[PDB]
Protein chains: 2
Amino acid sequence: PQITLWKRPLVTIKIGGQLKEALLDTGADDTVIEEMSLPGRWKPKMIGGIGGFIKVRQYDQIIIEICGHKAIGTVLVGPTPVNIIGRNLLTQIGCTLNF
Amino acid sequence: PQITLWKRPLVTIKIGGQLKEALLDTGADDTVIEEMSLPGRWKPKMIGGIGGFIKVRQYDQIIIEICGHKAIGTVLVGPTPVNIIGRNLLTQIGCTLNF
Ligand SMILES: C[C@H]1Cc2cc(F)ccc2S(=O)(=O)N(C[C@@H](O)[C@H](Cc2ccccc2)NC(=O)OC(C)(C)C)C1
């Protein structure tokens with residue numbers, strides 16, 4: 001598909017057996033999701049942006065589905081104000097910027 | 001061009017006759033640049049990011065070139081960690097997400 005930028009590029013994702021709305025975010029290195037349970041080991045991480053840093057839990061090798069496209073990668077879980085799909089997963093679905 | 005997301009989508013912009021590096025950011029509603037001098041009057045704006053809020057100065061109808069493409073629009077100036085080109089200008093340059 002081709003997604004315009006007149007409004008926020010929000011999509012439905014499937015993660016940890018749950019459906020969530022998330023922002024396709026080329027400005028995010030990492031994928032960051034609001035509080036939820038994920039299986040497996042995790043380690044703490046600090047991530048920064050506008051307004052400073054938040055502490056998150058880093059889960060590796062998590063399967064996500066974004067627009068019928070399956071991918072695997074690291075997912076950070078924490079007090080993000082919006083669910084964000086970052087570049088680590090956008091690359092896997094073959095997402096590019098075009099102009 | 002077609003920009004992949006294996007690396008940060010950093011481009012050169014030109015504003016106030018000076019070249020700067022900025023991030024093409026689909027997750028940003030607005031364009032936010034680090035402290036610099038811009039002409040005219042500014043208005044106050046509050047922007048919310050990952051770690052909270054920053055107060056910025058809103059300048060309207062500013063001439064800015066993004067990856068060689070000419071745009072004229074709103075530029076926010078404040079303590080952002082990186083220069084960000086948001087959807088207000090990505091739409092002016094005809095940028096879309098594609099997969
Ligand atoms: C430079 C980036 C740093 C960063 C790096 C990551 F690995 C993950 C998230 C983030 S972020 O801090 O989240 N962000 C991505 C932005 O796309 C962000 C997404 C977002 C939107 C709404 C609330 C919280 C985060 N928009 C953003 O900061 O927008 C403004 C404040 C620039 C307008 C900026």
# chains A, B, ... in the order shown; residues from 1 in each chain; ligands from 1
$ interface_residues --of "chain A" --to "chain B" --cutoff "10 Å" --atoms "only C-alpha atoms" --output "ChimeraX atom specification"
/A:1-10,23-29,32,47-55,67,69,79-82,84-99
$ residues_around --residues "residue 68 in chain A" --least-positions-apart "6" --cutoff "10 Å" --atoms "only C-alpha atoms" --output "VMD selection string"
chain A and resid 12 to 14 93
$ select_by_dssp --residues "chain A" --states "alpha helix (DSSP H)" --output "list in words"
residues 87, 88, 89 and 90 of chain A
$ write_last_selection --atoms "N, CA, C and O atoms" --output "short mmCIF file (atom, residue, chain, number, x, y, z; two decimals), in the first residue's frame"
data_model
loop_
_atom_site.label_atom_id
_atom_site.label_comp_id
_atom_site.auth_asym_id
_atom_site.auth_seq_id
_atom_site.Cartn_x
_atom_site.Cartn_y
_atom_site.Cartn_z
N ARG A 87 11.84 1.87 13.14
CA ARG A 87 12.54 1.36 11.97
C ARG A 87 12.93 -0.09 12.05
O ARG A 87 13.00 -0.78 11.02
N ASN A 88 13.20 -0.59 13.26
CA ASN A 88 13.64 -1.98 13.39
C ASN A 88 12.59 -2.94 12.84
O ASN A 88 12.95 -4.03 12.39
N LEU A 89 11.31 -2.57 12.86
CA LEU A 89 10.25 -3.40 12.26
C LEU A 89 9.76 -2.87 10.92
O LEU A 89 9.36 -3.68 10.07
N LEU A 90 9.86 -1.54 10.69
CA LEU A 90 9.45 -0.99 9.38
C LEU A 90 10.30 -1.56 8.25
O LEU A 90 9.78 -1.82 7.15
#
$ closest_residue --among "B:70, B:58, B:64, B:44" --to "residue 30 in chain B" --atoms "only C-alpha atoms"
B:58
$ select_by_dssp --residues "chain B" --states "strand (DSSP E)" --output "ChimeraX atom specification"
/B:2-3,10-15,18-24,32-33,43-49,52-66,69-77,84-85,96-98
$ write_last_selection --atoms "C-alpha atoms" --output "compact mmCIF listing (two decimals), in the first residue's frame"
# COMPACT_ATOMS: atom_id res chain seq x y z
CA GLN B 2 13.07 6.15 -2.25
CA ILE B 3 14.54 6.07 1.23
CA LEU B 10 18.63 11.92 7.77
CA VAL B 11 18.61 14.52 5.03
CA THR B 12 20.08 17.93 4.45
CA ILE B 13 17.70 20.87 4.83
CA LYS B 14 18.27 24.54 4.15
CA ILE B 15 16.75 27.18 6.39
CA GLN B 18 22.18 27.49 6.26
CA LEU B 19 22.43 23.76 5.74
CA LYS B 20 21.40 21.49 8.60
CA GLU B 21 20.79 17.79 9.10
CA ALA B 22 17.21 16.69 9.90
CA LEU B 23 15.24 13.51 10.37
CA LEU B 24 12.27 12.66 8.05
CA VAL B 32 10.83 21.04 15.15
CA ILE B 33 14.30 22.52 14.81
CA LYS B 43 3.35 32.09 18.90
CA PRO B 44 3.59 29.66 21.83
CA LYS B 45 3.10 25.92 21.36
CA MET B 46 3.28 22.84 23.56
CA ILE B 47 4.43 19.60 21.95
CA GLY B 48 4.27 16.14 23.52
CA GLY B 49 6.87 13.48 22.89
CA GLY B 52 7.06 14.56 28.16
CA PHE B 53 6.66 18.10 26.83
CA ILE B 54 8.81 20.92 25.49
CA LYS B 55 7.78 24.54 24.97
CA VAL B 56 8.56 25.73 21.50
CA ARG B 57 8.32 28.91 19.44
CA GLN B 58 5.99 28.63 16.44
CA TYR B 59 7.04 30.51 13.28
CA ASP B 60 4.69 30.43 10.30
CA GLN B 61 5.30 30.59 6.57
CA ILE B 62 9.05 29.87 6.78
CA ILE B 63 10.95 29.01 3.58
CA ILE B 64 12.72 25.68 3.98
CA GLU B 65 14.31 23.27 1.51
CA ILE B 66 14.16 19.52 2.39
CA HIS B 69 12.50 20.17 -2.37
CA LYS B 70 11.11 23.62 -1.59
CA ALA B 71 8.51 24.00 1.18
CA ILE B 72 6.98 27.03 2.97
CA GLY B 73 5.34 26.37 6.29
CA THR B 74 5.32 26.21 10.04
CA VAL B 75 8.60 25.59 11.84
CA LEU B 76 8.75 25.08 15.62
CA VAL B 77 11.99 26.08 17.38
CA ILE B 84 12.72 16.77 12.86
CA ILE B 85 10.76 17.22 9.63
CA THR B 96 4.41 8.90 1.34
CA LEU B 97 5.07 5.61 3.16
CA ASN B 98 5.02 2.54 0.90
$ atom_distance --atom1 "CA of residue 35 in chain A" --atom2 "CA of residue 16 in chain A"
11.7 Å
$ atom_distance --atom1 "atom 33 (C, counted along the ligand's line) of ligand 1" --atom2 "CA of residue 38 in chain A"
28.6 Å
